[PDB]
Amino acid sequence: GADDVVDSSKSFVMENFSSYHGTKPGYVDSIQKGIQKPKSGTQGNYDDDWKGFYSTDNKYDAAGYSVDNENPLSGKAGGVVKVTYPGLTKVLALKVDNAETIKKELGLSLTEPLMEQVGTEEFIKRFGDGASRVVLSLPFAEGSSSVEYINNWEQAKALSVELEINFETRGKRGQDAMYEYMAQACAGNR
């Protein structure tokens, strides 16, 4: 039953659906060249069902992903990008963060990565209400008002990328400076 795995009151189709991704040091300027997948093993998540490009509504929540990854001792940080999907995208809010119950209640092949299947013409079509693509959605983290957007890997390519902020210039001061940034919410969510 689709109904008990997807929250319909938090799904919608949208013109130019933007979300933010956190980019590590190095990798800022090539990600503004664009999204396409990593060859170095991870590609999104440990479990196959869930590999895809991960983004969020909240740029602040995005910003703390722009840090470290073999050495937190250099206080650097890359920046945040606003990635944006051209035109018409659905966002299917899952009410269940668990893949075989997601594949079974939605009636999806019981033995694929679910993010492989979100990719198909048959999923875009069947669930996208006329959308060029579907992005899944589960919240951010416990008790947080932000959602997390799991983008399919192929449908993700066709995203475009602008710099939201870039801590990669402050080398040693990047991570410190980032706190200041994340301190704008309590001061600018208003």
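Start at 1 with the first residue shown and count on from there.
J.: Averaging the C-alpha B factors as listed in the entry, name the stretch that ends up higher: 130-138 or 25-33.
T.: Stretch with the greater average CA B-factor: 25-33.
J.: In the PDB record, does 86-94 or 111-119 carry the higher mean Cα temperature factor?
T.: It is 111-119.
J.: Which of these, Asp68, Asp61, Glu154, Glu148, has its C-alpha atom at the highest B-factor, as the entry lists it?
T.: In this record, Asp68 carries the highest C-alpha B-factor of the candidates.
J.: Compared with the other modelled residues in the chain, in which third is the CA B-factor of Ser18?
T.: Its C-alpha B-factor, which the entry lists for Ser18, ranks in the lowest third among residues of this chain.
J.: Where does the C-alpha B-factor of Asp57 rank in its chain, lowest, middle or highest third?
T.: For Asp57, the deposited C-alpha B-factor lands in the lowest third.
J.: Determine, from the deposited record, the chain-internal third of the Cα B-factor for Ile102: lowest, middle or highest.
T.: It belongs to the middle third of the chain when residues are ordered by C-alpha B-factor.
J.: Classify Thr169 as lowest, middle or highest third according to the C-alpha B-factor given in the PDB entry, relative to its own chain.
T.: Highest third - that is where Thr169 ends up once the chain's C-alpha B-factors are sorted.
J.: Taking the chain's C-alpha temperature factors as the reference, tell me which third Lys51 falls into: lowest, middle or highest.
T.: Lowest third.
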